[PDB]
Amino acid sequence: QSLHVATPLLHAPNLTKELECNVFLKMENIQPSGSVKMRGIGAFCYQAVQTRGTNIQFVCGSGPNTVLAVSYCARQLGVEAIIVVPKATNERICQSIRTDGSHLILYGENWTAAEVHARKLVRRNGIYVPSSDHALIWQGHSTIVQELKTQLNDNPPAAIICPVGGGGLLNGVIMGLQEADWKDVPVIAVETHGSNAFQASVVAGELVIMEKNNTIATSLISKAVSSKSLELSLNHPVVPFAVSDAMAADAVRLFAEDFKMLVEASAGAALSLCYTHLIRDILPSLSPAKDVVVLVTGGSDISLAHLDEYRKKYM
């Protein structure tokens, strides 16, 4: 069936009180490998093996949580994995990949360069695993909504807050909502100002290309958003919103204090709409009779030293 697991939907009572609205947190940090990537990437990897067999090699350099998901899936599926990460990568990320039995290569100043290098390593029976832009990834991610429907007792929420990098998760959410007949549920698509290709693309009505962007929200860096994201944004209620690195960092700190979990600034971006109350400015109708769902995407590009740095720099 699938490599991902059903995850908890936690009530956030201090937030619910503060916001005068029910806040639920969808906990993707519980997935094998530590992030929501397990859904999308799990689906891609599973299908690749069903079609191509177990003599393939998975190849990936497309971001920290993608490579972790690929490493995990390759071990579960009994397949070779070739993984590239930037020269200065978090050591536990490296150890996890080695422990899985993947072949780890250290290369590049950032994840874009790791990806560029990884792409050149794909041989005749190798398959490159993208982070976001593939139909299988969207299908995999869409499983989150089927779960949400059950967990919320078929009551459509007032909004779903969804971090956006390349738009894979976004696409699965919107597609899941259409399949669930929740076509009217707004998705708040959150990015940081440092890399806002989705938001910029919606303004332009075409795919904006960005180079050299950086942000603490590593998994949200993308040169462009998927063409599918822009297409779906025309036919479903989507609100693009951007927050600062300082807001995302503060949310990571607050979530660690409140829920005792360390999540990436990527997930912190979505949580920041609640912690800052900006959600109320976006949806002025919110009331204690209404529900908001935050997709807490998890991620492994976070550590105690990140939290030291965030506190010093942004607070």
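Start at 1 and count along the sequence shown; that's the residue number.
Asks: Of the two stretches 124 to 132 and 87 to 95, which shows the higher Cα B-factor on average in the entry?
Replies: The deposited B-factors put 87 to 95 ahead on the C-alpha mean.
Asks: Give the stretch, out of 173 to 181 and 190 to 198, with the larger mean C-alpha temperature factor in the deposited entry.
Replies: Per the deposited B-factors, the answer is 173 to 181.
Asks: By the entry's C-alpha temperature factors, tell me which of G268, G42, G61, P288 sits highest.
Replies: Result of the comparison over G268, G42, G61, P288: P288.
Asks: When the CA B-factors of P156, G168, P163, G140 are compared as recorded in the entry, which is the largest?
Replies: Across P156, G168, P163, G140, the entry lists the biggest C-alpha B-factor for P156.
Asks: Is the Cα B-factor recorded for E264 in the lowest, middle or highest third of its chain?
Replies: Within its chain, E264 is a lowest-third residue by C-alpha B-factor, going by the deposited values.
Asks: Of the three thirds of its chain by CA temperature factor, lowest, middle or highest, which one includes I56?
Replies: Ranked within chain, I56 CA B lands in the highest tercile.
Asks: Taking the C-alpha B-factors as the PDB entry records them, is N22 in the lowest, middle or highest third of its chain?
Replies: For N22, whose C-alpha B-factor we compare with every modelled residue in the chain, the answer is the highest third.
Asks: Looking at the C-alpha B-factor of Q50, is it in the lowest, middle or highest third of its chain?
Replies: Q50: CA B-factor falls in the middle third of its chain.
Asks: Sorting by Cα B-factor within the chain, modelled residues only, which third would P284 end up in: lowest, middle or highest?
Replies: It belongs to the highest third of the chain when residues are ordered by C-alpha B-factor.
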